[PDB]
Amino acid sequence: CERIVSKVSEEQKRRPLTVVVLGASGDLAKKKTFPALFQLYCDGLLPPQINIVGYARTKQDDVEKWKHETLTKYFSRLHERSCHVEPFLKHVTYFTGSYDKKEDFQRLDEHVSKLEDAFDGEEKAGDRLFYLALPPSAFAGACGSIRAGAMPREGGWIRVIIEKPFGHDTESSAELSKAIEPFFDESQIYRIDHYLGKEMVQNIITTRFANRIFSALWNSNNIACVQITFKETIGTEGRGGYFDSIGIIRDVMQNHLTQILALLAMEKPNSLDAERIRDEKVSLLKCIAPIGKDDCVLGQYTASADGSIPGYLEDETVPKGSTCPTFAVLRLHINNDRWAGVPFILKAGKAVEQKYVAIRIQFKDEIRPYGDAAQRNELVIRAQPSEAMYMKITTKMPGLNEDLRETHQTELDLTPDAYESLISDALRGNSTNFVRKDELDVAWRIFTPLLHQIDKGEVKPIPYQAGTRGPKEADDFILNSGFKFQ
Amino acid sequence: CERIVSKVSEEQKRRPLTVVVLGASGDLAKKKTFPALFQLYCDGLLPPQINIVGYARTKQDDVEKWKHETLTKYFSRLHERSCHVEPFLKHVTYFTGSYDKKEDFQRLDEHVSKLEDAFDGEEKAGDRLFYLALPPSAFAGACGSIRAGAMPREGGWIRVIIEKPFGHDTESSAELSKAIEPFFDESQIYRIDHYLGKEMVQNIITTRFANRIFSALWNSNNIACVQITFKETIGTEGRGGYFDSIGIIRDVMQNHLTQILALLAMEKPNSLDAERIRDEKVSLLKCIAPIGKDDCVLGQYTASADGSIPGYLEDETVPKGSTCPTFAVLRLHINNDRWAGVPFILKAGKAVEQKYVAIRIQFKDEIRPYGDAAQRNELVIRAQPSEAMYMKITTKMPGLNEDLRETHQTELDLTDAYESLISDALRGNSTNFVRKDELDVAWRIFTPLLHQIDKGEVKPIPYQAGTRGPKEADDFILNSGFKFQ
Ligand SMILES: [Cl-]
Ligand SMILES: [Cl-]
Numbered sequence: 056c057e058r059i060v061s062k063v064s065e066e067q068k069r070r071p072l073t074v075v076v077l078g079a080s081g082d083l084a085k086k087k088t089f090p091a092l093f094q095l096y097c098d099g100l101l102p103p104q105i106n107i108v109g110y111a112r113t114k115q116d117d118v119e120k121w122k123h124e125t126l127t128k129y130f131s132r133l134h135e136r137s138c139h140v141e142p143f144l145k146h147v148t149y150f151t152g153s154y155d156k157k158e159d160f161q162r163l164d165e166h167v168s169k170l171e172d173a174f175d176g177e178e179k180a181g182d183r184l185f186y187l188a189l190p191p192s193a194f195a196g197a198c199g200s201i202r203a204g205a206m207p208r209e210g211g212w213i214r215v216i217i218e219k220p221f222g223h224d225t226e227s228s229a230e231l232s233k234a235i236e237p238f239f240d241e242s243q244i245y246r247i248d249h250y251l252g253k254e255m256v257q258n259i260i261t262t263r264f265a266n267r268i269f270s271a272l273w274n275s276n277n278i279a280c281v282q283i284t285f286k287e288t289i290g291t292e293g294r295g296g297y298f299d300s301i302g303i304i305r306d307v308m309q310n311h312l313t314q315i316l317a318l319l320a321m322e323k324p325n326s327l328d329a330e331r332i333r334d335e336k337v338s339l340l341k342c343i344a345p346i347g348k349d350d351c352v353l354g355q356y357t358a359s360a361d362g363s364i365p366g367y368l369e370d371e372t373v374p375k376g377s378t379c380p381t382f383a384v385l386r387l388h389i390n391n392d393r394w395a396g397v398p399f400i401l402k403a404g405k406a407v408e409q410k411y412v413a414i415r416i417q418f419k420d421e422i423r424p425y426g427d428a429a430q431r432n433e434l435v436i437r438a439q440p441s442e443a444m445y446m447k448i449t450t451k452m453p454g455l456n457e458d459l460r461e462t463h464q465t466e467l468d469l470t480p481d482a483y484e485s486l487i488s489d490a491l492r493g494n495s496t497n498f499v500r501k502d503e504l505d506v507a508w509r510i511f512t513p514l515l516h517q518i519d520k521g522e523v524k525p526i527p528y529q530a531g532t533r534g535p536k537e538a539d540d541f542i543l544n545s546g547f548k549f550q
Numbered sequence: 056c057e058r059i060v061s062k063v064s065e066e067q068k069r070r071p072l073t074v075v076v077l078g079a080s081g082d083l084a085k086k087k088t089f090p091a092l093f094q095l096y097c098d099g100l101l102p103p104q105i106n107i108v109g110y111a112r113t114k115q116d117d118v119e120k121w122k123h124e125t126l127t128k129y130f131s132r133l134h135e136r137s138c139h140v141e142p143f144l145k146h147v148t149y150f151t152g153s154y155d156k157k158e159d160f161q162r163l164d165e166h167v168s169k170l171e172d173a174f175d176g177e178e179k180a181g182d183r184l185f186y187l188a189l190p191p192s193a194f195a196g197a198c199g200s201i202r203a204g205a206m207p208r209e210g211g212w213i214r215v216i217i218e219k220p221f222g223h224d225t226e227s228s229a230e231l232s233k234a235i236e237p238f239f240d241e242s243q244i245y246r247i248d249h250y251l252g253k254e255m256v257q258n259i260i261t262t263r264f265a266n267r268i269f270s271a272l273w274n275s276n277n278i279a280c281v282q283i284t285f286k287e288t289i290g291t292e293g294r295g296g297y298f299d300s301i302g303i304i305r306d307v308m309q310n311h312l313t314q315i316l317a318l319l320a321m322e323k324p325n326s327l328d329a330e331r332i333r334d335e336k337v338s339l340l341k342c343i344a345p346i347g348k349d350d351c352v353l354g355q356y357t358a359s360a361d362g363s364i365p366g367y368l369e370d371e372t373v374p375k376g377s378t379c380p381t382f383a384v385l386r387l388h389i390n391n392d393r394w395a396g397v398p399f400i401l402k403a404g405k406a407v408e409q410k411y412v413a414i415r416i417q418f419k420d421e422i423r424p425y426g427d428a429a430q431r432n433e434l435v436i437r438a439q440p441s442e443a444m445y446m447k448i449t450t451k452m453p454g455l456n457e458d459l460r461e462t463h464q465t466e467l468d469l470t481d482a483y484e485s486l487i488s489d490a491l492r493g494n495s496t497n498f499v500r501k502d503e504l505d506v507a508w509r510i511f512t513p514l515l516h517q518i519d520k521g522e523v524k525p526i527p528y529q530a531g532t533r534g535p536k537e538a539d540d541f542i543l544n545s546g547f548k549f550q
């Protein structure tokens, strides 16, 4: 088994802690939220007497059976952590109610207050964290109800975790933020982009700013172009109607890839304080002009030739004549002194040749003295499927060589669920890996004018068979932007 | 068992080629030269009808026995390339004579002319390569005789390969070059520093100048200090009398490490032409002031106490009261815009804790925002025992951390010399050979200190065999600007 070596600091063990997972009956709560909380318990990252309340509309008389038949169904690491399932379920309580009625949360307040009073310690106020595993339409309703009937006692803080999507353009995203402003401020709101919980994404800051080697190289004097890529082999898999209202740009590019870009391209914060980091992300995103339709190439997958994967338009739930892109390559211009003139390419596509998420930074040629005998250096950071970071460089050919122009390309290779990382950050009050309100609005303004043009029909996707790389025009667009594919 | 594909060009197949190894009875000829020639034969880098003449004073009536007990003894890869040992020895001829008598070389010319006339081809003017595997006292005598009695016909080149040592200070080295100037010029002289034949040493130029990543970083704005290290576990091994007149500085630092230093620190050549590269080596070395006695720490190894490796002075061939250093750490100042203020440390030592040749480049701290949570990056290029190149960097601690300040140090790892040098000499490529001015500038860096050591103005510090060396050496390194990792 494993003895739980509590890694929680002593300051976090003094007051009651309550985690209320609204929508505990939902898919996300039981597939991602509770498994992350269970993993946090095993890692010793939960205070000794935390309270976890599962809030839901559906009532279950199986108070102790629902905890043991639906919750652990989607658990993991059961060949090494089975010893602690029951002690973790000891902390889990169930509470039924609506997500938008004020009195339902006054009942929760007294129910949680019952749990807060049972804590071992003088302080009974308790910290309260709300995880809104709810549809976006319920966010405003839940936030108002929590503020009106479930605020913590005098003392302990309150934090609300909300997840994507935050609207589908600038206006819709701003209206959701407008509705939440009366109830909580930015210091209490924790917006989740789960890519910010990934190990490789979090390592961008340390790679760039803890090392002189990367610090001195990370500008337009040495970098020729930057590409950030999201690739999936699967298609819509029958849920094309759900995807058709989103598209590949909203799904992964406006949020996931843009978050990576901000960490890749931002200036150095003076300290590692959370808000200094987020200031630099916002400051970077403000240097980016809105993407025009001349900086984009869209695609829509057809059949997989081998029939294995059907066409996107061959799905009945997809309205016919749909202009929804399943593929997109976008060119961004970062107007500041570090990145002026450097092409940034965001590439995302479903039903392509491989499953792949990576960053590719191309450095400029060292023109002399090697010329054609050298190639551009590259820094590659891969997140999926297997984490990796390596440098591609030019080295002398091993063995007896007749002249120094005999070279070859070589590599210098480097030798936890996102929600676990994000939830622990929220518990400790670290907002570094959460989307601030102004960051959200600036990010939306970059992509929204293009998204409106796509919906109006001003851009038509290019058909490509599932399993190929995508439209040929996409690769020609990348080469014409300044990339040298090798 | 394998066959032989001749990678030799058609241009190298037009004329006879003869390689005359003077001192074929010497240690170097049979331990390094002839094994390298055999490897060149197996790799197909020798022309089909080459002639190899073993010149020596010792007479051997059984020429075919000399080939099989003293020549092939130090051959290698004999479990897979033995298929061609006998066919290779067919190309080998033996010739006895002195190294300094003119008529002894007129006989060689007619003997070699006999081999040139037996060539398959209209052209009988042969190219001739002379390898002077001889003591330094014979260099001037041999070179004069070769010019006077063994020049090629007027259709084929001549090249002379000379070995270490080239003098023992600035004055002596310049007279040796002065004595050889009448007989041959620089395009015909190939001075061997065998470290220039190593793959990692040859890769320095390509690493630095083919890659934007290293090109943009390789200056004083980003580099805090540079160290070049030579370490050996063994001592003099009974041959201390021969070493006592050399010292560790003359043995490996003045030549091997300084060659590494020149390639590490030189400016970018305009082209990859041999002489442009050598121009930059000379141009760099002229920026280095002579090492003062304040920039050095010397050592002399004592008994290991481990029941082996006896002390240096416990050797009968070593004169008593010897001040000869078996250990040295030197600090060099490179006065130019790329390296001003950057400490360069040359470290060499016999009978130390490990066998090791490497380059360590320490970059400056990235002070903010990580501060103490980050360490200075390092670029390491290792030649011995195992070739390696890796970058030491600071990365976030894997797994759920409390803050970004939870970091750890990780690495980005990259995934015979006489053979290379002889092949270069055969093709006329002087890139990896020491030019005349390069030799003199290098001596001027070390000579004032060497005289002070010989005069007794510097005394080595005893250290146990198997340890790291004198403690003052490591404190000298810390005071120079190095942060131990
Ligand atoms: Cl690659
Ligand atoms: Cl190391």
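The listed protein sequences correspond, in order, to chains B and A. Mind the numbering: the first sequence is residues 56 to 470, 480 to 550 in the deposited numbering, read in order. Mind the numbering: the second sequence is residues 56 to 470, 481 to 550 in the deposited numbering, read in order. Backbone N, C-alpha and C fix where the C-beta goes; we use that ideal spot for every residue, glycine too.
Query	Result
Tell me the rounded alpha-carbon separation between A:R263 and B:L251.	36 Å
So with CB distances below 9 Å, who are the chain A contacts of B:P324?	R423, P424
So A:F511 and A:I346 are in contact, right, with Cβ under 8 Å, and what is the actual spacing, rounded?	6 Å
Flag this pair as yes or no: are the beta carbons of B:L353 and B:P513 separated by less than 8 Å?	no
Contact defined as beta carbons within less than 8 Å: I believe A:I213 pairs with A:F194. What is the distance between those atoms, to the nearest angstrom?	Contact doesn't hold; Cβ gap of about 16 Å is too wide.
Would the C-beta of B:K447 count as close to ligand 1, meaning under 7 Å from any of its heavy atoms?	yes
Determine the burial state of B:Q464: buried for a count of at least 16 other Cβ atoms within 10 Å of its Cβ, exposed for fewer.	exposed
Check the C-beta distance from B:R305 over to B:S495 and give it rounded, since I have them as a contact under 8 Å.	The Cβ separation is near 24 Å, so there is no contact.
Between A:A360 and A:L339, how many whole angstroms is the CB-CB distance? I'm expecting something under 8 Å.	Their Cβ separation, rounded to whole angstroms, is 42 Å, which puts A:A360 and A:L339 out of contact at 8 Å.
Short of 8 Å Cβ to Cβ, which residues in the region 438–449 of chain B face chain A?	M444, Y445, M446, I448, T449
Taking A:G534 as the reference, give the member of A:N277, A:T284, A:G99 with the closest Cα.	A:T284
Using only the heavy atoms of ligand 1, determine whether one of them is closer than 7 Å to the beta carbon of B:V435.	yes
Within the continuous alpha helix (DSSP H) that includes A:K157, where are the two ends?	157–172
Below 8 Å between beta carbons is the criterion; list the residues of the region 252–265 of chain A that meet it against any residue of chain B, in chain order.	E254, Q257, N258, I260, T261, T262, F264, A265
Going by the beta-carbon positions, is the gap between A:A438 and A:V397 smaller than 8 Å?	no
State the Cα-Cα distance for the pair A:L319 and A:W508, rounded to the nearest angstrom.	18 Å
Report yes if the CB atom of A:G295 is closer than 8 Å to the CB atom of A:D370, and no otherwise.	yes
Less than 8 Å between the C-beta atoms of B:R183 and B:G222, yes or no?	no
Near B:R208, what residues of its chain come up, given a Cβ to Cβ distance below 8 Å and the 5 sequence neighbours on each side ignored?	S168, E171, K179, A180, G181
Where does A:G196 sit, in a helix, a strand or coil, going by DSSP?	helix
What residues from chain A crowd round B:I518, counting only those whose CB sits closer than 8 Å?	Neighbours of B:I518 on chain A: none; closest Cβ ~37 Å, over 8 Å.
Any idea if A:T88 is buried or exposed, counting beta-carbon neighbours within 10 angstroms, 16 or more meaning buried?	buried
Can you name the start and end residues of the alpha helix (DSSP H) that B:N391 belongs to?	Premise fails: B:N391 is in no alpha helix (DSSP H) and is neither H nor E.
Please tell me whether A:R267 has its Cβ less than 8 Å away from any Cβ of chain B.	yes
Could you give the distance in angstroms between the alpha-carbon of A:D519 and the alpha-carbon of A:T378?	8 Å
Near B:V337, what residues of its chain come up, given a Cβ to Cβ distance below 7 Å and the 5 sequence neighbours on each side ignored?	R500, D502, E503, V506
Which residues of chain B have a Cβ atom closer than 7 Å to the Cβ of A:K451, listed in chain order?	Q257, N258, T261
Could you work out which residues of chain B lie near A:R460, taking near to mean beta carbons separated by less than 8 Å?	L327
Does any residue of chain A bring its CB to less than 8 Å from the CB of B:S485?	yes
Enumerated in chain order, which unbroken segments of the beta strand (DSSP E) with a length of 3 residues or greater are wholly contained in the region 335–419 of chain A?	351–357, 382–388, 398–404, 411–418
Are the region 254–273 of chain A and the region 379–388 of chain A in contact at 8 Å, needing three or more beta carbon pairs?	no
Closer than 7 Å by beta-carbon distance: list the chain B residues that pair up with A:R492, in chain order.	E457
Listing by chain order, which chain A residues have their CB less than 8 Å from the CB of B:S338?	Within chain A, no residue comes near B:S338; the closest Cβ sits about 15 Å away, beyond 8 Å.
Rounded to a whole number of angstroms, what is the C-alpha to C-alpha distance between residue 476 of chain B and B:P424?	Between 470 and 480, chain B has no modelled residues, and residue 476 of chain B is one of the positions in that gap.
Given A:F298, which residues of its chain have a CB within under 6 Å of its CB, disregarding the five upstream and five downstream residues?	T291
Threshold first: 4 residues or longer. Then list the alpha helix (DSSP H) segments lying entirely within the region 96–147 of chain A, N to C.	118–121, 140–144
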